[PDB]
Amino acid sequence: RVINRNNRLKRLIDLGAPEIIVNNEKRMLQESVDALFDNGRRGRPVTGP
Amino acid sequence: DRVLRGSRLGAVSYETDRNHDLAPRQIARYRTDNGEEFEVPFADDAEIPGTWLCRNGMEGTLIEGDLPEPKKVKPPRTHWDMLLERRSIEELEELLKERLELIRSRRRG
Amino acid sequence: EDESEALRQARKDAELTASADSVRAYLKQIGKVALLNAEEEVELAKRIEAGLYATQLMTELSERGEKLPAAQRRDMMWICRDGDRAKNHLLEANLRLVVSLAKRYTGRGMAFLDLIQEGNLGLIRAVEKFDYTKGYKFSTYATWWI
Amino acid sequence: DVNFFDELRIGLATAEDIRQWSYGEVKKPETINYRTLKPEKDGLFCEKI
Amino acid sequence: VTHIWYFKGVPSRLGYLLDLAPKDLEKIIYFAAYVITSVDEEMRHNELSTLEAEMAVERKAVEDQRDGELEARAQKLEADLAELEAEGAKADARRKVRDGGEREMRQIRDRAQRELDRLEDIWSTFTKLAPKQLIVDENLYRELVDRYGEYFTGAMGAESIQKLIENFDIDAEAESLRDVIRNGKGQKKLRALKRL
Amino acid sequence: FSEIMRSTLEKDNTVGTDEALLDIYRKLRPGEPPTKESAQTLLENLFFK
C-alpha cells in the first residue's frame, strides 16, 4: 500500500496534477504510513479479508 | 490435512566456511550525481559496468571518466504529440489567432 | 427558511467539521466546483489546445529565435497559463464522474480511494486525448479511459 | 552482536540514519514472480537489496 | 510524512513541542486546514499603511457600486411611483411594488454588508497574521494569498510541520517556559510544566 | 402532572418544530449541509422507515 501510493504520488507530481488530487494522494500516503506504524490507532482499522 | 510444514523459497547449503584464500577480487568506485561515493567489490576477470544502481538507489556512474554515451531514449508521448497527431498546424494557428484577437478585443476595446 | 442567518450559520458550522473518514473528506472537497455543459466543454477544450500550441510555439521561437514584441509575448504567456487553468478546471469538473464510475468496483481487491485516484489518472489521460470536433459530450469519451 | 554489552541506547532516528541503515531502495510493489517462484528485482524480496 | 506516535498518542508530542492543539493539528497533517509557517514583519509594518489605503480605495469602490444600487432602485422606485399612482388600481397593490423594491434594497444592502464584512475579516486576519496560526475556510486563504501573496509563507500538511520544526529555536522557547514557571500560576504553570 | 417534564419544557430553549429538527440534524449528520426536507425524512428514516 505504501509503495503503490508513493509511486502514484510520484507520477502525479511528474505529470502535473491539480491541487485536489495531489493533496488527496498525500493524505492517502499519510494514512498508509499511519497504518504501517500502528493500524487501528487513528480512525477505522484497515481490515483484511 | 498436511502437515503443517513449509519452506522458504531457497536452498540452505553447508560447506567449509574457509577464510584463508578466496577468489581474488577488485574494488570499483561508483559515484552518484550528488557527490555520494560507493565501493563495490567485483571479481577480477569481470567486465565492470559503466553505470550501476547504487546503495542509495539512484543511478550512479563510475568514477573513471569514460562516459560511454548511453544515448538516452526519447520522451515517451507528450500532450503535444497527442494533439499534433489529430490536428493540423494551420487549424491550431487559426485558434491561436482567435484567442489572440479575443484577448485583444477584451483588453483595448 | 432560507433567511434568517441561523439556519445557514448551522450549515457553515457543519461545513467545518473533522470528518476523519478521508473518503467523506474528499467528497466534501470535490463537491465544491460546479458541473458543466457542452458549450462550456467546447470553450475549455479550445482554450487548452490553444495554450498547448502557444507553449509549443514559444519553445520553438525561444530556441535560436526572436526578440518578441512585449504585447505579443505577454499575452501569449497569458494564453500559456490560461490553458493550464482550463485544464485544471475541467479535471475538477469531472472528478465527480470519476467517483460515480469507481463506486461500483469497490468491495473487492483494493480500497476505495485507490480506485478513485486511478480513475483520476485515467481522467487526466482522457482530458489529454479528448477531441471536441467530433461533437460529443465529454463523459461518453472519458468513461472508456476511466 | 558478540556478547559484550555495557549499554542499550535507544534514540529517535533521523533520515540520514535510515538511508544509512539500508542496503537498497525498494521501489516496486512486487514480491514473487507468479510462475517461477523467484523474487522480483527492486521488490519487497529482491536478492540485490 | 509525520510519525504517528509523536502525533496521536496522548499527550501529543508535536502538540507540546509546537504549542498546538491536537484537535487542530489533525486538521493540519491530514490536509484539512492551512497553517502559516512564516510571516514578514517590516514589510507588513509599512505596507500595512499602504494596504489599508488600498482597502479604503476598495471599499470606496464598493460604495460606488452601492450608491449605484441606491440610485438605480431609486429611479426604479420612482418608476414604481409613476406606474402605481398614475392609473386606476388598488391602494395596497400599488404599494406591493413599493414593498418589493424596498425589500430588494434591504437584501441588496445585506449582500453588500456581508461582502464588506468578508473584506473586513480578511483585513483583520492580515493584520493579526502570525506563525503557528491556522487559516480554516479555504476561500479566505485563497483570497488572502492571491491578494497578499508576499509578506508570508503558509502551507498545508507534514512538509509545513517540517518547516515549523526547521524554524524553531528550542533555547529561547525553553527559557520562556522557565520564566513562566518562574512567575506564573494556575493553569498556565501546569501547562508550562507539561511542555517544559 | 410531571414536574420534570414541565421543567424541561420551560428549559426547552428552542421554539419551532423545524428549529428542533435542525439541531437534531446537526447532532446526527455532523458534517452535512442541512435542509428541511432531509431532517423531515431522516428522523422518519431511523425509526419509522
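Counting starts from 1 on each chain and goes along its sequence as written, which need not follow the entry numbering; residues with no coordinates are hidden. Labels are handed out in written order, letters beginning with A for the chains and numbers beginning with 1 for the ligands. Any value mentioned applies to the visible chains, which represent part of a larger assembly rather than the whole. The side-chain numbers reported here are obtained from all heavy atoms of the structure, hydrogens and water having been left aside. Residues with missing side-chain atoms are left out of burial classes, side-chain pairs and their counts.

As annotated in the PDB entry, chain D carries the name DNA-directed RNA polymerase subunit beta' and comes from Mycobacterium tuberculosis. This entry appears in the Protein Data Bank under the title "Mycobacterium tuberculosis RNAP open promoter complex with RbpA/CarD and AP3 promoter".

The PDB entry annotates chain A as DNA-directed RNA polymerase subunit beta' of Mycobacterium tuberculosis.

## A short note on the sheet that holds strand β2 (residues 37–40) of chain B
All names here are of chain B. In plain terms, the rule: Two strands are counted as paired when DSSP detects at least two bridges linking them. Going along the chain from the N terminus, every DSSP run of H or I of four or more residues is numbered as a helix, and every run of E of two or more is numbered as a strand. Note on geometry: axes are C-alpha line fits, over the in-contact stretch for helices, and angles between N-to-C directions span 0 to 180 degrees.
Strand order across the open sheet formed by four strands is β2-β1-β4-β3, with antiparallel pairing between neighbours. The open sheet terminates on both sides in strands that have one partner only, identified here as β2 and β3 (51–53). When strand polarity is set aside, the average angle formed by the axes of neighbouring strands in this sheet is 40 degrees. Across four bridges, strand β1 (residues 28–31) lies against β2 in antiparallel orientation. Across the sheet, the residue bridging to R31 is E37, located in β2.

## A look at the interface of chain A and chain E
Interface size is commonly expressed as the accessible surface area that is lost when the partners come together. As a reminder, the rule being used: Contact between two residues is taken to exist if any of their heavy atoms lie within 4.5 Å; hydrogens are not considered. Buried area, as used here, totals the accessible surface that two parts lose on assembly, with accessibility defined by a 1.4 Å probe and the loss added over both. Salt bridges, as used here, are contacts in which a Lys or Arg side-chain nitrogen is within 4 Å of a carboxyl oxygen on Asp or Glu. In protein, a polar contact requires one atom able to donate a hydrogen and another able to accept it; more generally it is a pair of N or O atoms within 3.5 Å, and residues adjacent in sequence count only if both atoms are side-chain atoms. Only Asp, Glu, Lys and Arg are considered charged in this grouping, and only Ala, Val, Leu, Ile, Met, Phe, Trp, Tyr, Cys and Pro are considered nonpolar; every other residue, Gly among them, is considered polar.
Tallying the contact residues gives 12 residues for chain A and 13 residues for chain E. Surface buried jointly by chain A and chain E totals about 1300 Å² across both partners, of which 60% is contributed by carbon and sulfur atoms. When residues of chain A are sorted by the area they lose upon contact with chain E, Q30, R41 and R42 of chain A head the list and together hold 46% of the total. Along the contact surface separating chain A from chain E lie one salt bridge. Residue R42 of chain A pairs with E26 of chain E through a salt bridge whose shortest N-O separation is 2.7 Å. The tally of links between chain A and chain E comes to three residue pairs in polar contact. Of the residues contributing to the side of chain A that touches chain E, the split by class is three nonpolar, two polar and seven charged.

## Comments concerning the pattern of salt bridges
Note that side chains of opposite charge can pair when their charged atoms are close. Filter applied, for reference: Exposed residues in this analysis have more than 50% of their type's maximum accessible area, buried residues have under 20%, and partly exposed residues fall in between, with area computed by a 1.4 Å probe over protein chains only.
According to the stated counting rule, one finds 39 salt bridges over all chains in the structure shown. Among the salt bridges present, the one from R5 of chain A reaches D114 of chain C, with a minimum N-O distance of 3.1 Å. Here the residue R5 of chain A occupies a position in helix α1 (residues 2–15), and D114 of chain C occupies one in helix α5 (residues 113–128), the pair thus bridging two chains. Here the two residues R5 of chain A and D114 of chain C agree in accessibility, since each one is buried. In this structure, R73 of chain E engages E104 of chain E in a salt bridge whose closest nitrogen and oxygen atoms are separated by 2.7 Å. Of the two residues, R73 of chain E is situated in helix α3 (residues 42–84) and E104 of chain E in helix α4 (residues 96–127); the sequence distance between them amounts to 31 residues. By relative accessible area, which is 35% here, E104 of chain E ends up partly exposed. One salt-bridge network, in which partners are shared between bridges, spans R5, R8 and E25 of chain A together with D114 and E118 of chain C.

## Quick look at a positive patch on the surface
What counts, and what does not: Two distance rules govern patches: like charges are joined within 9 Å, and nonpolar side chains (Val, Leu, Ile, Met, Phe, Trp, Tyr) within 5 Å, applied only to residues with over 30% relative accessible area and no salt bridge. Per-residue and other accessible areas follow the Shrake-Rupley method at a 1.4 Å probe size, with only the shown protein chains counted as cover for residues. Charge assignment in this entry is limited to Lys and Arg as positive and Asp and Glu as negative, and neither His nor the chain termini are counted. Charge coordinates come from a single atom per side chain, which is NZ of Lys, CZ of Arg, CG of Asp or CD of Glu.
A cluster of basic side chains, namely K10 of chain A together with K27, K28, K41 and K48 of chain D, defines a positive patch on the protein surface. As for its position among the elements, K10 of chain A is in helix α1.

## Let's talk about the side chain of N94 of chain C
As for its position among the elements, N94 of chain C is in helix α4 (residues 70–102). Ignoring anything within four residues of it in the chain, the contact list for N94 of chain C reads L123 and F138 of chain C.

## What to know about the packing of aromatic side chains
Put simply, the rule reads: Centres within 6.5 Å make a pair out of two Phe, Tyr or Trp rings, where for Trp the six-membered ring is used; the pair is then stacked when the planes are under 30 degrees apart, edge-to-face when over 60, and tilted otherwise. A ring is scored as having a charge over it whenever the NZ atom of a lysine or the CZ atom of an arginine sits within 6 Å of its centre and within 35 degrees of its normal.
This model, assessed by the stated rule, comprises 14 aromatic pairs over all chains. Taking the centre distance of 4.8 Å and the plane angle of 75 degrees together, the rings of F130 of chain C and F138 of chain C count as edge-to-face. We classify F138 of chain C as buried; its relative accessible area is 1%. A ring pair is formed by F47 of chain F and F48 of chain F, whose centres lie 6.5 Å apart and whose planes are at 75 degrees; its orientation type is edge-to-face. Taken together through their ring pairs, the aromatic side chains of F130, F138, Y141 and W145 of chain C make up a single cluster. Cation over ring: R42 of chain A sits above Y30 of chain E, and NZ or CZ is 3.3 Å from the ring centre. For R106 of chain B, the ring lying beneath its charged end belongs to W78 of chain C, and the centroid distance is 5.3 Å.

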